[PDB]
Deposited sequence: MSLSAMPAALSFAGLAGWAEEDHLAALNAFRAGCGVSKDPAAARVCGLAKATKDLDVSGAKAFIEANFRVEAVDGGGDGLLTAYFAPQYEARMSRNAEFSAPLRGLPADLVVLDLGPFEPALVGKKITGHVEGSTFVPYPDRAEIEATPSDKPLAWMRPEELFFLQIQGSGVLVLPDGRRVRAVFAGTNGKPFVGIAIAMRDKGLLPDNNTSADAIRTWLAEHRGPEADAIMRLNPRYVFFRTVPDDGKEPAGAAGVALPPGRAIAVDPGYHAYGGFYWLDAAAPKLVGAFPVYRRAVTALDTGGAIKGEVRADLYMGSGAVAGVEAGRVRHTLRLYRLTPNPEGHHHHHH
């Protein structure tokens, strides 16, 4: 069957928790740049105490259903806000330093040099009488850290670098949030394919790396030259924020390719032994999420979330729920 044009044709719409849908839109709309989305965001936040029937009606009277990519197939996976063990001091197991934004690193705007490049950027640092690209992972991992933010297991740092946010737990129960601070500007390279052609095979990557500290595993993580820097702040127990800078609503937010999807957009997932046909807001991304019909559904931060997220690998048809002009 081809893709729907309206809410009537949308399989799952009638059974959707329309309150959760409407709250998902509210969770994310304020981040939106579009002006037609601003009016609707405004009315949504104003209008409270709607029951499920009202919420369903509000959404239907204010949005249009617009298939993405003509209704073509892509992929739904899911992720959760991970909680990692850390130390404030290095040992054999917690051998990788969590590193803050280096003071030498510059994101250089290119517009002052060439109008044709206004709003493009490069990242590097001064070395001698010139300016060079910031070192890659391997070369950063080779200079010791002056003032490391914490110490982690290498494979776990590596994976928190992919997510962009997490919570670290010291043995004394101090919870510290690690918040994305910047990047060395190198492109992300997923290490799974290279691990495949070497014959050593998502949770399995982690487990292999973990069983082979260090130089074995170190050498393969280094195939990803993209290094992510953090800042740390005491966890206030709230949901983490994602790329868009807003508290992620559990089960109701997706990570997207930002080159295809603006943050704050309202979407409908049609994915299919569980089934995901629900409205979500786009509020995050990840170094590996690429493509148009591609969404990574945020499951939450607890234990239940960790378990449900790993179950999701679904054929996805995606739709924008576009606010009416």
TODO: May I ask you to mark the stretches of the deposited sequence that the structure leaves without C-alpha coordinates?
DONE: 1 to 5, 207 to 212, 284 to 290, 344 to 351
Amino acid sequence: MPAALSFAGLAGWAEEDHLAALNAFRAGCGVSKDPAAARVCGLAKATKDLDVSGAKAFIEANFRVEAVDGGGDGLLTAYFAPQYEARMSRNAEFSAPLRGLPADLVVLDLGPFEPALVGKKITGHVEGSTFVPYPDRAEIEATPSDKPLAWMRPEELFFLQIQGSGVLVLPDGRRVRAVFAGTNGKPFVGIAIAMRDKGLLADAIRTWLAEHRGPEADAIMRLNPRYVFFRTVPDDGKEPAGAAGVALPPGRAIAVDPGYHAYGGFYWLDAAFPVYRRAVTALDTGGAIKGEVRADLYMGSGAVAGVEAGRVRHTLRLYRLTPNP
From here on, numbers count along this sequence of modelled residues.
Open item on the list: Highest mean C-alpha temperature factor of the two stretches 172 to 180 and 82 to 90, which is it?
Closed with: 82 to 90
- [ ] Could you check the entry and say whether 242 to 250 or 188 to 196 has the higher mean CA B-factor?
- [x] 188 to 196
- [ ] Would you mind finding, among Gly100, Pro154, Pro225, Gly119, the residue with the largest C-alpha temperature factor in the entry?
- [x] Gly119
Task: Member of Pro115, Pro148, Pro135, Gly72 with the greatest C-alpha B factor (per the PDB record) - done: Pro115
Open item on the list: Can you tell me whether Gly12 has a C-alpha B-factor in the lowest, middle or highest third compared with the other modelled residues of the same chain?
Closed with: lowest
TODO: Comparing against every modelled residue in the chain, figure out the third that the C-alpha B-factor of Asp51 lands in (lowest, middle or highest).
DONE: middle
TODO: Among all modelled residues of this chain, ranked by Cα B factor, put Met1 in the bottom, middle or top third, i.e. lowest, middle or highest.
DONE: highest
Open item on the list: Based on the deposited C-alpha B factors for this chain, I'd like to know if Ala272 is in the lowest, middle or highest third.
Closed with: highest
- [ ] Looking at the entry's B-factor column for C-alpha atoms only, identify whether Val304 ranks in the lowest, middle or highest third of its chain.
- [x] middle
